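Peer 1: Okay, here's the structure, questions in a sec.
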2 protein chains.
Amino acid sequence: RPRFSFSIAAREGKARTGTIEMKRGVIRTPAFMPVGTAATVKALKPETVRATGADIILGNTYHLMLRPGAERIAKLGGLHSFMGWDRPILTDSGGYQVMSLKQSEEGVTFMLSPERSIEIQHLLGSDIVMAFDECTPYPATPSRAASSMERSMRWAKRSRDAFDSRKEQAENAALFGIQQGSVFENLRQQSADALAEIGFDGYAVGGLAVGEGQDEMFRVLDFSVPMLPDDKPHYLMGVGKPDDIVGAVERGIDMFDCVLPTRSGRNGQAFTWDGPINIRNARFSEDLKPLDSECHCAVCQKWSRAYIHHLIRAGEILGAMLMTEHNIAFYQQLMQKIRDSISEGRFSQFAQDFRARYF
Amino acid sequence: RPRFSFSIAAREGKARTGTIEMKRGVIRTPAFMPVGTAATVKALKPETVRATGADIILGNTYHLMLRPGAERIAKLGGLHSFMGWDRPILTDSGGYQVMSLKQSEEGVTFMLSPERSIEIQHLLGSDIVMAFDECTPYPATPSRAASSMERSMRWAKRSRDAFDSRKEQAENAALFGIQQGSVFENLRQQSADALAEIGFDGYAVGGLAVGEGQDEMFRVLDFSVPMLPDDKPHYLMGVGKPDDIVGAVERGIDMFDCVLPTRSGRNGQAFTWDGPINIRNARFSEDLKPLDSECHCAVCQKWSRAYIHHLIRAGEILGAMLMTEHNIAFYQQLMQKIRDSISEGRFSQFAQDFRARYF
Ligand SMILES: [Zn+2]
Ligand SMILES: [Zn+2]
């Protein structure tokens, strides 16, 4: 297996399905990445994450640097060893926290800079390294957006140099750049242009899912994703709801991460093919059906809504475990159905069917 | 398989090892019963509980009556179906809450009476039904102890009549009586005498583990357990720490339940053959050894102290899951070692070895 390869097996319009080959394994695209910010996918064993179908998971530079520390994890053998996941791991750079949570051209003191970010991600043993950026807040005036975008592009250049400066990293991991530019077409193009001239193994669409509404997110995607090199993966960061994912794949996105399936699970929100449900609602107190009647996950093969209703209302940890396993399995099943319909040339129909049923 | 059979395969002094056969399965004794008060063993799937070696688990009349309700569980097919455990289930009667949390000869209003308790346990589909009692608080004067003990014996008689009055229950489940009498020899004897004249499938030692100290608990056991019919199981309620269990088996106890392995797990306390440890302590932050170097559980085969240290300090649910799985597996391994050494006639040596190492 090589450091990094991306092969497209099939297309339908802008939608693509294929595979990313990396040393630690293969990634089926379009791909959903469960998030596991504290060196765990919340409430789940990595075996369980894998069993649900995930090919890769996401970790985070900002949180791990704080606890337990990147150096400490390095000393303990790296993130894979530490949390017991031997498959690829993508780590975010901290660029979202730069928005989510004293800044200057050098970096941000919470101290994270392009160089420190890339080093921390090296200490973790990340397989896919994200460039250190600034997620531009929304709304933003064209001026702010531009100035923000330009700094990230300078930061993307330093991230590259930093990555390239470390042999073990350069030879064994991959580096993705992140496009900014808010909702502005010319800024997005300038950003894509800068990123491609620098050169990355993959390209993320950053700066969305920051409060703009799905309509506006899809508009921006319409013009932004074709700006990215067609022959590399396209990652839409932090997205999203099932319908967000479907619409984004329709516009050229290959990769996703989102806290929804895990967070929603713990909160008692379950995704179904008929739409999301709040299992705490009293209508489910004696519902013997599974969370979803077609879902193939172990939860839905064994436990009833009624049981998981009680668990969640009682604040039982098993409730969190079961909801989370189902939600992530659901998300992976969605990704499988998307992959299959694109391979078979019926993704357009699937997407319509799905929306008709989901909504 | 019969409604209930207890066979002793081997003895060593007062210690016995054997098997309880019930319709839903076989129970190896001396046995440890994980507790699962809210229709779950906290942080664990029943598969996982079973994998650790448990033959039977404990549920509770008081809590289930409150949430989700006994009638509702009955309507949903019974506790086994509801929580996904098809092996025997023992349910406590509520007698501890009578002490732990307006009373009269008829019962206790929190309304639980011998009759309601037995009916609720019938609604749950319990395999081993506990008589409704009053756990006498400690310390107690001889007068109070006696009056308390006498009421429970009257309540034990009504529990029997109630159980016997329901065909499906009488033919498919078993009923255990519970000895009271505080720390007083004559009261304990009067209680054992009353219980045996009524007649039960098994006999519990109640009223201990109420603050009296292990020395005094073992003293009372010394004279109380031979008062119980030798040919039926002897259950020490709510006990206990590993060393408590070993000393109690040395004095004739066949069954145990305790919240320790689960509660302690969530709190970050791990049992080891060298004694309990507080995994949150900073000495473990970079400890690559498993929780215990000889433990056979999946946790100890895959994860390090360092990892579980981080998980617990970070308030991650997986930390609770992993600690709990280990703790319960540990308890079951202890029970297996006790069974094996009694079968082999070396339980005395084991007990000494264990204490030498544990302390
Ligand atoms: Zn499911
Ligand atoms: Zn273990």
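All residue names refer to the structure tokens as shown: chains lettered A, B, ... in order, residues numbered from 1 in each chain, ligands numbered from 1 in order.
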Tell me the residues of chain B close to chain A, meaning within 10 Å using only C-alpha atoms, as an MDAnalysis selection string.

Peer 2: chainID B and resid 38:45 67:68 72:73 75:77 81:84 285:288 302:304 306:311 313:322

Peer 1: Contacts of residue 337 of chain B at 12 Å or less, counting only C-alpha atoms, minus same-chain residues fewer than 3 places along, as an mmCIF file with N, CA, C and O atoms, in the first residue's frame?

Peer 2:
data_model
loop_
_atom_site.group_PDB
_atom_site.id
_atom_site.type_symbol
_atom_site.label_atom_id
_atom_site.label_comp_id
_atom_site.auth_asym_id
_atom_site.auth_seq_id
_atom_site.Cartn_x
_atom_site.Cartn_y
_atom_site.Cartn_z
ATOM 1 N N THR B 17 -19.226 -25.748 46.587
ATOM 2 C CA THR B 17 -19.372 -25.325 45.199
ATOM 3 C C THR B 17 -20.328 -26.284 44.510
ATOM 4 O O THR B 17 -20.382 -27.469 44.845
ATOM 5 N N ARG B 28 -23.594 -21.372 38.401
ATOM 6 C CA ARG B 28 -22.433 -21.924 39.076
ATOM 7 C C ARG B 28 -22.229 -21.267 40.421
ATOM 8 O O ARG B 28 -22.188 -20.034 40.489
ATOM 9 N N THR B 29 -22.116 -22.073 41.481
ATOM 10 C CA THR B 29 -21.940 -21.422 42.779
ATOM 11 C C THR B 29 -20.604 -21.796 43.419
ATOM 12 O O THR B 29 -20.132 -22.920 43.176
ATOM 13 N N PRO B 30 -19.983 -20.965 44.250
ATOM 14 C CA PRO B 30 -20.350 -19.603 44.625
ATOM 15 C C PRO B 30 -20.400 -18.629 43.449
ATOM 16 O O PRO B 30 -19.533 -18.656 42.589
ATOM 17 N N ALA B 31 -21.467 -17.858 43.432
ATOM 18 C CA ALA B 31 -21.816 -17.026 42.297
ATOM 19 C C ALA B 31 -21.828 -15.541 42.611
ATOM 20 O O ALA B 31 -22.309 -15.139 43.669
ATOM 21 N N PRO B 242 -13.793 -7.931 47.273
ATOM 22 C CA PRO B 242 -13.220 -9.260 47.005
ATOM 23 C C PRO B 242 -12.886 -10.015 48.281
ATOM 24 O O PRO B 242 -13.216 -11.195 48.419
ATOM 25 N N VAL B 246 -14.446 -13.636 49.687
ATOM 26 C CA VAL B 246 -13.649 -14.806 50.040
ATOM 27 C C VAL B 246 -13.977 -15.261 51.459
ATOM 28 O O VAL B 246 -14.226 -16.446 51.675
ATOM 29 N N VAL B 249 -17.437 -16.880 51.609
ATOM 30 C CA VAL B 249 -17.475 -18.245 51.079
ATOM 31 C C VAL B 249 -16.874 -19.205 52.092
ATOM 32 O O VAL B 249 -17.334 -20.333 52.264
ATOM 33 N N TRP B 273 -5.399 -8.068 41.480
ATOM 34 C CA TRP B 273 -5.068 -9.180 42.371
ATOM 35 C C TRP B 273 -4.142 -8.694 43.474
ATOM 36 O O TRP B 273 -3.992 -9.261 44.550
ATOM 37 N N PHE B 330 -13.197 -9.249 36.486
ATOM 38 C CA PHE B 330 -12.379 -9.564 37.655
ATOM 39 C C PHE B 330 -13.184 -10.329 38.702
ATOM 40 O O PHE B 330 -12.767 -11.363 39.204
ATOM 41 N N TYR B 331 -14.347 -9.789 39.056
ATOM 42 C CA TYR B 331 -15.206 -10.462 40.029
ATOM 43 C C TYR B 331 -15.591 -11.862 39.598
ATOM 44 O O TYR B 331 -15.646 -12.836 40.357
ATOM 45 N N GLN B 332 -15.873 -12.030 38.307
ATOM 46 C CA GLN B 332 -16.212 -13.386 37.863
ATOM 47 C C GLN B 332 -15.007 -14.307 37.884
ATOM 48 O O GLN B 332 -15.121 -15.516 38.128
ATOM 49 N N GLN B 333 -13.822 -13.753 37.611
ATOM 50 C CA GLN B 333 -12.617 -14.590 37.653
ATOM 51 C C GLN B 333 -12.370 -15.045 39.089
ATOM 52 O O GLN B 333 -12.043 -16.198 39.370
ATOM 53 N N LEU B 334 -12.546 -14.129 40.036
ATOM 54 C CA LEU B 334 -12.440 -14.469 41.452
ATOM 55 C C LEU B 334 -13.391 -15.609 41.792
ATOM 56 O O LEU B 334 -12.998 -16.575 42.445
ATOM 57 N N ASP B 340 -13.001 -23.392 41.612
ATOM 58 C CA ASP B 340 -11.977 -24.369 41.267
ATOM 59 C C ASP B 340 -11.179 -24.862 42.459
ATOM 60 O O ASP B 340 -10.776 -26.009 42.625
ATOM 61 N N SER B 341 -10.895 -23.913 43.353
ATOM 62 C CA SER B 341 -10.068 -24.352 44.485
ATOM 63 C C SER B 341 -10.934 -25.174 45.424
ATOM 64 O O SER B 341 -10.474 -26.142 46.035
ATOM 65 N N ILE B 342 -12.226 -24.846 45.546
ATOM 66 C CA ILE B 342 -13.046 -25.704 46.403
ATOM 67 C C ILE B 342 -13.229 -27.091 45.789
ATOM 68 O O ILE B 342 -13.142 -28.058 46.554
ATOM 69 N N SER B 343 -13.464 -27.189 44.486
ATOM 70 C CA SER B 343 -13.560 -28.482 43.821
ATOM 71 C C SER B 343 -12.282 -29.309 44.008
ATOM 72 O O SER B 343 -12.386 -30.527 44.143
ATOM 73 N N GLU B 344 -11.149 -28.625 43.996
ATOM 74 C CA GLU B 344 -9.851 -29.280 44.100
ATOM 75 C C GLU B 344 -9.348 -29.445 45.519
ATOM 76 O O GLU B 344 -8.289 -30.026 45.751
ATOM 77 N N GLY B 345 -10.084 -28.944 46.501
ATOM 78 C CA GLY B 345 -9.683 -29.075 47.892
ATOM 79 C C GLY B 345 -8.517 -28.199 48.291
ATOM 80 O O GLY B 345 -7.761 -28.513 49.218
ATOM 81 N N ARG B 346 -8.334 -27.071 47.601
ATOM 82 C CA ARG B 346 -7.264 -26.169 48.017
ATOM 83 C C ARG B 346 -7.818 -24.774 48.284
ATOM 84 O O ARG B 346 -7.108 -23.791 48.097
ATOM 85 N N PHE B 347 -9.073 -24.672 48.716
ATOM 86 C CA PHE B 347 -9.643 -23.332 48.843
ATOM 87 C C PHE B 347 -8.983 -22.612 50.004
ATOM 88 O O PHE B 347 -8.801 -21.398 50.011
ATOM 89 N N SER B 348 -8.624 -23.404 51.021
ATOM 90 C CA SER B 348 -7.978 -22.767 52.168
ATOM 91 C C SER B 348 -6.692 -22.072 51.737
ATOM 92 O O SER B 348 -6.467 -20.911 52.098
ATOM 93 N N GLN B 349 -5.863 -22.759 50.959
ATOM 94 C CA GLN B 349 -4.628 -22.178 50.453
ATOM 95 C C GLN B 349 -4.870 -20.955 49.573
ATOM 96 O O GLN B 349 -4.238 -19.914 49.734
ATOM 97 N N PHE B 350 -5.797 -21.080 48.626
ATOM 98 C CA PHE B 350 -6.159 -19.969 47.760
ATOM 99 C C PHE B 350 -6.505 -18.735 48.591
ATOM 100 O O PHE B 350 -6.000 -17.648 48.362
ATOM 101 N N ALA B 351 -7.394 -18.943 49.557
ATOM 102 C CA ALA B 351 -7.858 -17.837 50.391
ATOM 103 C C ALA B 351 -6.694 -17.141 51.075
ATOM 104 O O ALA B 351 -6.666 -15.913 51.218
ATOM 105 N N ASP B 353 -3.419 -17.281 50.060
ATOM 106 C CA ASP B 353 -2.632 -16.689 48.994
ATOM 107 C C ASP B 353 -3.235 -15.360 48.571
ATOM 108 O O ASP B 353 -2.551 -14.342 48.463
ATOM 109 N N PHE B 354 -4.542 -15.411 48.333
ATOM 110 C CA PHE B 354 -5.251 -14.228 47.853
ATOM 111 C C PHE B 354 -5.073 -13.030 48.782
ATOM 112 O O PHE B 354 -4.787 -11.914 48.336
#

Peer 1: Write out as a ChimeraX atom specification all residues of segment 58-191 of chain B that backbone DSSP assigns to helix (DSSP H, G or I).

Peer 2: /B:61-66,70-75,79-83,95-100,114-124,142-164,167-172,185-191

Peer 1: I need the residues of segment 166-259 of chain A that end up classed as strand (DSSP E) by DSSP on the backbone, written out as a PyMOL selection string.

Peer 2: chain A and resi 174-179+202-205+234-236+255-258

Peer 1: Store the residues of this selection in a file with N, CA, C and O atoms, as a compact mmCIF listing (two decimals), in the first residue's frame.

Peer 2:
# COMPACT_ATOMS: atom_id res chain seq x y z
N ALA A 174 -0.53 12.03 4.72
CA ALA A 174 -0.99 12.90 3.65
C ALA A 174 -1.37 14.26 4.25
O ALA A 174 -1.65 14.35 5.44
N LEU A 175 -1.36 15.27 3.40
CA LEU A 175 -1.67 16.64 3.78
C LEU A 175 -2.78 17.23 2.92
O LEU A 175 -2.62 17.26 1.70
N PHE A 176 -3.85 17.69 3.54
CA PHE A 176 -4.96 18.38 2.89
C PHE A 176 -4.97 19.88 3.17
O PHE A 176 -4.79 20.33 4.30
N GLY A 177 -5.21 20.66 2.12
CA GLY A 177 -5.35 22.11 2.24
C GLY A 177 -6.83 22.42 2.47
O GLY A 177 -7.67 21.55 2.20
N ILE A 178 -7.16 23.61 2.95
CA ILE A 178 -8.54 23.97 3.25
C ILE A 178 -8.92 25.30 2.62
O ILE A 178 -8.35 26.32 2.98
N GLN A 179 -9.88 25.28 1.70
CA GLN A 179 -10.45 26.45 1.08
C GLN A 179 -11.40 27.21 2.01
O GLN A 179 -12.27 26.61 2.63
N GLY A 202 -5.25 16.37 -0.99
CA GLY A 202 -6.69 16.50 -0.90
C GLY A 202 -7.08 17.90 -0.52
O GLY A 202 -6.27 18.65 0.03
N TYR A 203 -8.31 18.26 -0.85
CA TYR A 203 -8.79 19.62 -0.66
C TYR A 203 -10.12 19.64 0.09
O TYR A 203 -11.10 19.02 -0.31
N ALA A 204 -10.11 20.37 1.19
CA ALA A 204 -11.31 20.54 2.00
C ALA A 204 -12.03 21.85 1.67
O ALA A 204 -11.40 22.85 1.32
N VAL A 205 -13.36 21.83 1.79
CA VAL A 205 -14.13 23.07 1.72
C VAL A 205 -14.38 23.50 3.16
O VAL A 205 -15.18 22.90 3.88
N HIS A 234 -12.25 15.71 -2.10
CA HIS A 234 -12.96 16.90 -1.69
C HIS A 234 -13.68 16.64 -0.35
O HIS A 234 -14.61 15.83 -0.37
N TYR A 235 -13.27 17.32 0.70
CA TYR A 235 -13.76 17.16 2.07
C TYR A 235 -14.53 18.39 2.54
O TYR A 235 -14.02 19.49 2.65
N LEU A 236 -15.81 18.15 2.84
CA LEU A 236 -16.67 19.17 3.43
C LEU A 236 -16.69 19.02 4.95
O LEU A 236 -17.28 18.06 5.46
N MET A 255 -15.80 13.41 1.11
CA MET A 255 -15.57 13.18 2.53
C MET A 255 -16.32 14.16 3.44
O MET A 255 -16.55 15.32 3.13
N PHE A 256 -16.68 13.65 4.61
CA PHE A 256 -17.46 14.29 5.63
C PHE A 256 -17.04 13.85 7.03
O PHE A 256 -16.65 12.70 7.22
N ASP A 257 -17.18 14.80 7.93
CA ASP A 257 -17.17 14.57 9.36
C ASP A 257 -18.25 15.45 10.00
O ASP A 257 -18.55 16.54 9.53
N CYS A 258 -18.81 14.95 11.10
CA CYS A 258 -19.84 15.66 11.82
C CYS A 258 -20.06 15.05 13.20
O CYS A 258 -20.01 13.84 13.36

Peer 1: Name the closest residue to ligand 2 among the candidates B:195, B:217, B:297, B:49; distances are taken between atoms, counting only C-alpha atoms and all ligand atoms.

Peer 2: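 Smallest separation from ligand 2 among the options: B:297.
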
Peer 1: For the interface of chain B with ligand 2 (cut-off 10 Å, counting only C-alpha atoms and all ligand atoms), please tabulate each contacting residue of chain B alongside its nearest pair of atoms and their separation in Å to one decimal, rows sorted by chain and increasing number, as JSON lines.

Peer 2:
{"residue": "B:52", "atom": "CA", "partner": "ligand 2", "partner_atom_place_in_ligand_line": "1 (Zn)", "distance": 9.7}
{"residue": "B:270", "atom": "CA", "partner": "ligand 2", "partner_atom_place_in_ligand_line": "1 (Zn)", "distance": 8.9}
{"residue": "B:271", "atom": "CA", "partner": "ligand 2", "partner_atom_place_in_ligand_line": "1 (Zn)", "distance": 8.7}
{"residue": "B:272", "atom": "CA", "partner": "ligand 2", "partner_atom_place_in_ligand_line": "1 (Zn)", "distance": 8.3}
{"residue": "B:290", "atom": "CA", "partner": "ligand 2", "partner_atom_place_in_ligand_line": "1 (Zn)", "distance": 7.2}
{"residue": "B:291", "atom": "CA", "partner": "ligand 2", "partner_atom_place_in_ligand_line": "1 (Zn)", "distance": 6.0}
{"residue": "B:292", "atom": "CA", "partner": "ligand 2", "partner_atom_place_in_ligand_line": "1 (Zn)", "distance": 5.9}
{"residue": "B:293", "atom": "CA", "partner": "ligand 2", "partner_atom_place_in_ligand_line": "1 (Zn)", "distance": 8.1}
{"residue": "B:294", "atom": "CA", "partner": "ligand 2", "partner_atom_place_in_ligand_line": "1 (Zn)", "distance": 7.8}
{"residue": "B:295", "atom": "CA", "partner": "ligand 2", "partner_atom_place_in_ligand_line": "1 (Zn)", "distance": 4.5}
{"residue": "B:296", "atom": "CA", "partner": "ligand 2", "partner_atom_place_in_ligand_line": "1 (Zn)", "distance": 5.8}
{"residue": "B:297", "atom": "CA", "partner": "ligand 2", "partner_atom_place_in_ligand_line": "1 (Zn)", "distance": 4.3}
{"residue": "B:298", "atom": "CA", "partner": "ligand 2", "partner_atom_place_in_ligand_line": "1 (Zn)", "distance": 6.5}
{"residue": "B:299", "atom": "CA", "partner": "ligand 2", "partner_atom_place_in_ligand_line": "1 (Zn)", "distance": 5.2}
{"residue": "B:300", "atom": "CA", "partner": "ligand 2", "partner_atom_place_in_ligand_line": "1 (Zn)", "distance": 4.2}
{"residue": "B:301", "atom": "CA", "partner": "ligand 2", "partner_atom_place_in_ligand_line": "1 (Zn)", "distance": 7.3}
{"residue": "B:302", "atom": "CA", "partner": "ligand 2", "partner_atom_place_in_ligand_line": "1 (Zn)", "distance": 9.3}
{"residue": "B:303", "atom": "CA", "partner": "ligand 2", "partner_atom_place_in_ligand_line": "1 (Zn)", "distance": 9.2}
{"residue": "B:322", "atom": "CA", "partner": "ligand 2", "partner_atom_place_in_ligand_line": "1 (Zn)", "distance": 8.7}
{"residue": "B:323", "atom": "CA", "partner": "ligand 2", "partner_atom_place_in_ligand_line": "1 (Zn)", "distance": 8.3}
{"residue": "B:324", "atom": "CA", "partner": "ligand 2", "partner_atom_place_in_ligand_line": "1 (Zn)", "distance": 9.4}
{"residue": "B:325", "atom": "CA", "partner": "ligand 2", "partner_atom_place_in_ligand_line": "1 (Zn)", "distance": 7.4}
{"residue": "B:326", "atom": "CA", "partner": "ligand 2", "partner_atom_place_in_ligand_line": "1 (Zn)", "distance": 4.1}
{"residue": "B:327", "atom": "CA", "partner": "ligand 2", "partner_atom_place_in_ligand_line": "1 (Zn)", "distance": 6.9}
{"residue": "B:328", "atom": "CA", "partner": "ligand 2", "partner_atom_place_in_ligand_line": "1 (Zn)", "distance": 8.7}
{"residue": "B:329", "atom": "CA", "partner": "ligand 2", "partner_atom_place_in_ligand_line": "1 (Zn)", "distance": 6.5}
{"residue": "B:330", "atom": "CA", "partner": "ligand 2", "partner_atom_place_in_ligand_line": "1 (Zn)", "distance": 6.3}
{"residue": "B:331", "atom": "CA", "partner": "ligand 2", "partner_atom_place_in_ligand_line": "1 (Zn)", "distance": 9.9}
{"residue": "B:333", "atom": "CA", "partner": "ligand 2", "partner_atom_place_in_ligand_line": "1 (Zn)", "distance": 9.6}

Peer 1: Keeping only N, CA and C atoms, write those residues as a PDB file, in the first residue's frame.

Peer 2:
ATOM      1  N   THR B  52     -18.305 -11.915  30.401  1.00  0.00           N
ATOM      2  CA  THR B  52     -17.447 -11.817  31.572  1.00  0.00           C
ATOM      3  C   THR B  52     -17.589 -13.052  32.462  1.00  0.00           C
ATOM      4  N   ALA B 270     -10.470   0.415  40.083  1.00  0.00           N
ATOM      5  CA  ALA B 270     -10.269  -0.869  39.421  1.00  0.00           C
ATOM      6  C   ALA B 270      -9.795  -1.947  40.389  1.00  0.00           C
ATOM      7  N   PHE B 271     -10.418  -3.130  40.364  1.00  0.00           N
ATOM      8  CA  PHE B 271      -9.905  -4.181  41.251  1.00  0.00           C
ATOM      9  C   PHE B 271      -8.773  -4.944  40.584  1.00  0.00           C
ATOM     10  N   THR B 272      -7.713  -5.242  41.334  1.00  0.00           N
ATOM     11  CA  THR B 272      -6.596  -6.047  40.852  1.00  0.00           C
ATOM     12  C   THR B 272      -6.195  -7.090  41.897  1.00  0.00           C
ATOM     13  N   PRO B 290      -1.631  -3.116  31.478  1.00  0.00           N
ATOM     14  CA  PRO B 290      -3.088  -3.208  31.590  1.00  0.00           C
ATOM     15  C   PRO B 290      -3.480  -2.947  33.042  1.00  0.00           C
ATOM     16  N   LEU B 291      -4.761  -2.737  33.289  1.00  0.00           N
ATOM     17  CA  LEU B 291      -5.302  -2.621  34.636  1.00  0.00           C
ATOM     18  C   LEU B 291      -4.743  -3.681  35.573  1.00  0.00           C
ATOM     19  N   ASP B 292      -4.757  -4.939  35.150  1.00  0.00           N
ATOM     20  CA  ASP B 292      -4.068  -5.997  35.877  1.00  0.00           C
ATOM     21  C   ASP B 292      -3.382  -6.934  34.881  1.00  0.00           C
ATOM     22  N   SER B 293      -2.141  -7.275  35.181  1.00  0.00           N
ATOM     23  CA  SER B 293      -1.245  -8.044  34.332  1.00  0.00           C
ATOM     24  C   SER B 293      -1.648  -9.498  34.175  1.00  0.00           C
ATOM     25  N   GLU B 294      -2.562  -9.995  35.010  1.00  0.00           N
ATOM     26  CA  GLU B 294      -2.989 -11.385  34.815  1.00  0.00           C
ATOM     27  C   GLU B 294      -4.434 -11.493  34.358  1.00  0.00           C
ATOM     28  N   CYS B 295      -5.197 -10.408  34.424  1.00  0.00           N
ATOM     29  CA  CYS B 295      -6.608 -10.458  34.075  1.00  0.00           C
ATOM     30  C   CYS B 295      -6.801 -10.855  32.614  1.00  0.00           C
ATOM     31  N   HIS B 296      -7.787 -11.712  32.377  1.00  0.00           N
ATOM     32  CA  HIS B 296      -8.058 -12.255  31.057  1.00  0.00           C
ATOM     33  C   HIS B 296      -9.107 -11.474  30.282  1.00  0.00           C
ATOM     34  N   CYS B 297      -9.607 -10.361  30.824  1.00  0.00           N
ATOM     35  CA  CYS B 297     -10.716  -9.695  30.137  1.00  0.00           C
ATOM     36  C   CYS B 297     -10.251  -8.925  28.915  1.00  0.00           C
ATOM     37  N   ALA B 298     -11.184  -8.655  28.007  1.00  0.00           N
ATOM     38  CA  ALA B 298     -10.810  -7.990  26.763  1.00  0.00           C
ATOM     39  C   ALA B 298     -10.183  -6.627  26.994  1.00  0.00           C
ATOM     40  N   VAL B 299     -10.508  -6.009  28.133  1.00  0.00           N
ATOM     41  CA  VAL B 299     -10.026  -4.648  28.344  1.00  0.00           C
ATOM     42  C   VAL B 299      -8.514  -4.689  28.531  1.00  0.00           C
ATOM     43  N   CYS B 300      -8.126  -5.650  29.361  1.00  0.00           N
ATOM     44  CA  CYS B 300      -6.740  -5.847  29.757  1.00  0.00           C
ATOM     45  C   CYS B 300      -5.914  -6.463  28.641  1.00  0.00           C
ATOM     46  N   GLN B 301      -6.573  -7.009  27.630  1.00  0.00           N
ATOM     47  CA  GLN B 301      -5.879  -7.551  26.462  1.00  0.00           C
ATOM     48  C   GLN B 301      -5.570  -6.447  25.449  1.00  0.00           C
ATOM     49  N   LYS B 302      -6.306  -5.345  25.476  1.00  0.00           N
ATOM     50  CA  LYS B 302      -6.196  -4.254  24.529  1.00  0.00           C
ATOM     51  C   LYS B 302      -5.817  -2.885  25.081  1.00  0.00           C
ATOM     52  N   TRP B 303      -6.292  -2.436  26.246  1.00  0.00           N
ATOM     53  CA  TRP B 303      -6.066  -1.036  26.626  1.00  0.00           C
ATOM     54  C   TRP B 303      -5.164  -0.843  27.832  1.00  0.00           C
ATOM     55  N   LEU B 322     -15.114   0.599  29.972  1.00  0.00           N
ATOM     56  CA  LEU B 322     -13.921  -0.217  30.104  1.00  0.00           C
ATOM     57  C   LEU B 322     -13.625  -0.602  31.548  1.00  0.00           C
ATOM     58  N   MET B 323     -13.740   0.333  32.479  1.00  0.00           N
ATOM     59  CA  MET B 323     -13.527   0.053  33.895  1.00  0.00           C
ATOM     60  C   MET B 323     -14.526  -0.978  34.406  1.00  0.00           C
ATOM     61  N   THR B 324     -15.769  -0.830  33.962  1.00  0.00           N
ATOM     62  CA  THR B 324     -16.863  -1.678  34.403  1.00  0.00           C
ATOM     63  C   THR B 324     -16.719  -3.093  33.871  1.00  0.00           C
ATOM     64  N   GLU B 325     -16.312  -3.189  32.603  1.00  0.00           N
ATOM     65  CA  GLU B 325     -16.125  -4.511  32.018  1.00  0.00           C
ATOM     66  C   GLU B 325     -15.002  -5.230  32.751  1.00  0.00           C
ATOM     67  N   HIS B 326     -13.920  -4.487  32.989  1.00  0.00           N
ATOM     68  CA  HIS B 326     -12.820  -5.132  33.706  1.00  0.00           C
ATOM     69  C   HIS B 326     -13.251  -5.591  35.102  1.00  0.00           C
ATOM     70  N   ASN B 327     -13.907  -4.707  35.855  1.00  0.00           N
ATOM     71  CA  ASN B 327     -14.250  -4.958  37.259  1.00  0.00           C
ATOM     72  C   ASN B 327     -15.138  -6.189  37.424  1.00  0.00           C
ATOM     73  N   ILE B 328     -16.167  -6.262  36.583  1.00  0.00           N
ATOM     74  CA  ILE B 328     -17.073  -7.411  36.563  1.00  0.00           C
ATOM     75  C   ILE B 328     -16.366  -8.673  36.087  1.00  0.00           C
ATOM     76  N   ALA B 329     -15.469  -8.553  35.099  1.00  0.00           N
ATOM     77  CA  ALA B 329     -14.730  -9.744  34.679  1.00  0.00           C
ATOM     78  C   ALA B 329     -13.844 -10.209  35.829  1.00  0.00           C
ATOM     79  N   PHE B 330     -13.197  -9.249  36.486  1.00  0.00           N
ATOM     80  CA  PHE B 330     -12.379  -9.564  37.655  1.00  0.00           C
ATOM     81  C   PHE B 330     -13.184 -10.329  38.702  1.00  0.00           C
ATOM     82  N   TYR B 331     -14.347  -9.789  39.056  1.00  0.00           N
ATOM     83  CA  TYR B 331     -15.206 -10.462  40.029  1.00  0.00           C
ATOM     84  C   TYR B 331     -15.591 -11.862  39.598  1.00  0.00           C
ATOM     85  N   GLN B 333     -13.822 -13.753  37.611  1.00  0.00           N
ATOM     86  CA  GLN B 333     -12.617 -14.590  37.653  1.00  0.00           C
ATOM     87  C   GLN B 333     -12.370 -15.045  39.089  1.00  0.00           C
TER      88      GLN B 333
END

Peer 1: What lies within 12 Å of segment 142-147 of chain A using only C-alpha atoms, ignoring chain neighbours under 3 positions off, as JSON, numbers by chain?

Peer 2: {"A": [105, 134, 135, 136, 137, 138, 139, 150, 151, 152, 153, 154, 179, 180, 181, 182, 183, 184, 185, 186, 187, 188, 189, 190, 191, 207]}

Peer 1: Write out as a VMD selection string each polymer residue whose atoms come within 10 Å of residue 278 of chain A, counting only C-alpha atoms; drop sequence neighbours fewer than 4 positions from it.

Peer 2: chain A and resid 264 to 265 267 to 271 282 to 284 309

Peer 1: Counting only C-alpha atoms, which residue out of A:12, A:98, A:212, A:86 sits closest to residue 140 of chain A?

Peer 2: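 Counting only C-alpha atoms, the residue closest to residue 140 of chain A is A:212.
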
Peer 1: Interatomic distance between atom CA of residue 4 of chain B and atom CA of residue 133 of chain B?

Peer 2: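 Going from atom CA of residue 4 of chain B over to atom CA of residue 133 of chain B covers 22.4 Å.
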